[PDB]
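>
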Ligand SMILES: CC(=O)OCC1=C(C(=O)O)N2C(=O)[C@@H](N)[C@H]2SC1
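Right, dumping it as structure tokens:
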């Protein structure tokens, strides 16, 4: 796994928009989106967010993330964490999160990174835990079927 990163480009949209494999996955990484995902929805997120970044290995875009909140000197909140299905479990998210932590520190002088994870996303909860994030609160949300879900709000200090 020889990973690199760069800002997301328009030519990456179709690939990245293909990452969420079902309604549940889309909900976990972009709860405001509507299934099916599309390049227009991805581009709209990019435009209203900051720091949209891809991870690349062996000439393939395998991961994407951005910030949905950014507060200089304070914190950033990581969003839209998406990984290519073939590349899941291989360290892409772990890699990209480290890149995004550096970017929060360097660009925003953030002291903290926030990550919110829906309860059903065990893989996410476990990975963020491995990376040092701690749970702080649980908020009530609703899924696309109007069912109640628990949004676990986590954070991690950045020096
Ligand atoms: C790390 C990730 O993929 O988080 C996905 C997410 C987003 C996201 O759209 O990026 N959020 C918001 O927007 C907030 N409601 C939180 S709810 C969780």
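Residue numbers (the working numbering): 8 to 166.
Using N, Cα and C, we set each Cβ at its ideal position, and we do this for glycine too.
Looking at residue 69: is its Cβ nearer than 8 Å to the Cβ of residue 117?
Taking the chain shown and counting its residues from 1, one reaches residue 69 at position 62. Taking the chain shown and counting its residues from 1, one reaches residue 117 at position 110. No, they are not a contact pair.
> For residue 53, collect the residues of the same chain with a Cβ closer than 6 Å to its Cβ; drop the 5 residues on either side in sequence, then sort them by chain order.
Here residue 53 corresponds to residue number 46 of the chain shown, with the count starting at 1. Excluding residues within five positions, the ones whose Cβ falls inside 6 Å are 59.
> Run the proximity test for residue 116: is its beta-carbon closer than 7 Å to any non-hydrogen atom belonging to ligand 1?
Translated into positions along the chain shown, residue 116 becomes position 109. No; taking the cut-off as 7 Å, the Cβ of residue 116 has no heavy atom of ligand 1 nearer than that.
> Measuring only from the beta carbon, is residue 97 closer than 7 Å to any heavy atom that is part of ligand 1?
As a position in the chain shown, residue 97 is number 90, starting the count at 1. False, no ligand heavy atom lies under 7 Å from that Cβ.
> With respect to the alpha helix (DSSP H) encompassing residue 140, which residues constitute its N-terminal and C-terminal limits?
Counting from 1 along the chain shown, the entry for residue 140 is found at position 133. In the DSSP assignment, residue 140 falls outside any alpha helix (DSSP H), carrying neither H nor E.
> With a threshold of 7 Å (Cβ to nearest heavy atom), would residue 53 be considered close to ligand 1?
Residue mapping note: residue 53 aligns to position 46 of the chain shown, counting from 1. No, the Cβ of residue 53 stays beyond 7 Å of every heavy atom of ligand 1.
> Distance, Cα to Cα, residue 108 vs residue 81?
Translated into positions along the chain shown, residue 108 becomes position 101. Translated into positions along the chain shown, residue 81 becomes position 74. Those two C-alpha atoms are separated by around 13 Å.
> Would the C-beta of residue 88 count as close to ligand 1, meaning under 7 Å from any of its heavy atoms?
As a first step, residue 88 is located in the chain shown; it is residue number 81 there, counting from the start. Because some heavy atom of ligand 1 lies under 7 Å away, the Cβ of residue 88 counts as near it: yes.
> Under DSSP, the alpha helix (DSSP H) around residue 114 begins and ends at which residues?
As a position in the chain shown, residue 114 is number 107, starting the count at 1. Per DSSP, residue 114 belongs to the alpha helix (DSSP H) from 99–115.
> If we call anything under 8 Å between Cβ atoms a contact, is residue 44 one with residue 91?
As a position in the chain shown, residue 44 is number 37, starting the count at 1. As a position in the chain shown, residue 91 is number 84, starting the count at 1. No, the pair does not count as a contact, with Cβ atoms beyond the cut-off.
> Does any heavy atom of ligand 1 sit closer than 7 Å to the C-beta of residue 37?
As a position in the chain shown, residue 37 is number 30, starting the count at 1. Relative to the non-hydrogen atoms of ligand 1, the Cβ of residue 37 comes within a distance shorter than 7 Å of at least one.
> Pull up the CB-CB distance for residue 23 and residue 71, whole angstroms please, since I reckon it's below 8 Å.
Mapped onto the chain shown, residue 23 falls at position 16. Mapped onto the chain shown, residue 71 falls at position 64. Going by Cβ atoms, the distance from residue 23 to residue 71 rounds to 5 Å, so yes, they are a contact pair.
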